[PDB]
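In this note's numbering, the protein residues as written are 108 to 241.
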């Protein structure tokens with residue numbers, strides 16, 4: 108039912124690209140949200156940052172450049188940052204773990220992270236959380 112995490116990519120799409128979209132690009136789809144590649148997740152975090160100003164100053168240099176992030180360790184570090192900032196802004200432990208994400212595992216938890224990202228960027232810019240995480 109409505110509590111199960113099955114197909115919660117539908118809630119992701121409604122949270123980020125519903126009636127009042129957080130961002131327009133990239134277009135979210137069931138395909139991408141069921142098996143989320145790192146580059147797509149980088150696109151979505153970047154798109155939220157660009158559309159709302161969320162987490163100002165969190166990233167710079169190669170972290171800003173999706174094609175520059177190729178190493179598993181770098182991917183994990185990038186995700187760890189935004190997950191901590193979202194968690195701090197909301198005061199909730201995000202269930203998504205960076206190593207699971209990078210491996211393509213628990214995609215329903217990756218979707219919870221994305222939904223939480225959506226909720227956090229509408230709560231505030233997270234500027235102080237960023238300075239705390241850094």
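Every residue, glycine too, gets a C-beta built ideally from N, C-alpha and C.
Check	Outcome
Taking the alpha helix (DSSP H) that residue 230 falls in, what are its first and last residues?	214-230
Kindly indicate the opening and closing residues of the alpha helix (DSSP H) around residue 154.	145-159
Within the continuous alpha helix (DSSP H) that includes residue 206, where are the two ends?	205-210
Restricting to Cα atoms, I'd like to know which of 163, 225 and 177 is closest to residue 82.	There is simply no residue 82 to check, as the chain begins at 108 and stops at 241 in what is shown.
Taking the C-alpha atoms as reference points, what is the distance between residue 162 and residue 156?	7 Å
Could you tell me the boundaries of the alpha helix (DSSP H) in which residue 162 lies?	No alpha helix (DSSP H) holds residue 162; DSSP gives it neither H nor E.
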